[PDB]
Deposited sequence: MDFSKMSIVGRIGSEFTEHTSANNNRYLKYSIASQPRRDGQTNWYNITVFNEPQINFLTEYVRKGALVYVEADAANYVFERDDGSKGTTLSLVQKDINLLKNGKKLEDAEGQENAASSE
């Protein structure tokens, strides 16, 4: 019924840091997004649990890649934004 989803286009501005939850493997990275040249540069911390998408990132995607990310958004209340990745399309890969 209710949901909060977000589409993000920008450059991967960090490395792919692997983690393991207290239970499960997941990945974390950051996306730098600047819609207007005269405007604010936005940063988003992405979380990836889907293993087929984790393998595609750590293997083929490099830092500085232009990506289109769709993520489910959650706001944990002092609020913290959570962006669990659901799909990604590589527009241009990093150097």
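Sequence order list of spans that the model leaves without C-alpha positions, deposited numbering
Absent from the structure are positions 24, 79-86, 105-119.
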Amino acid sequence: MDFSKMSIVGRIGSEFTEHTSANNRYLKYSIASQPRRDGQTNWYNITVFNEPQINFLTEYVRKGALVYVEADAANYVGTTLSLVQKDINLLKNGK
From here on, numbers count along this sequence of modelled residues.
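As stated in the PDB record, which stretch has the larger average Cα B-factor, 64-72 or 51-59?
Between 64-72 and 51-59, it is 51-59.
Averaging only over Cα atoms, indicate whether 38-46 or 24-32 has the higher B-factor in the PDB entry.
Mean CA B-factor is higher for 24-32.
Which one of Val84, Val9, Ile12, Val77 shows the top CA temperature factor in the record?
Most elevated C-alpha B-factor of the set, per the entry: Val77.
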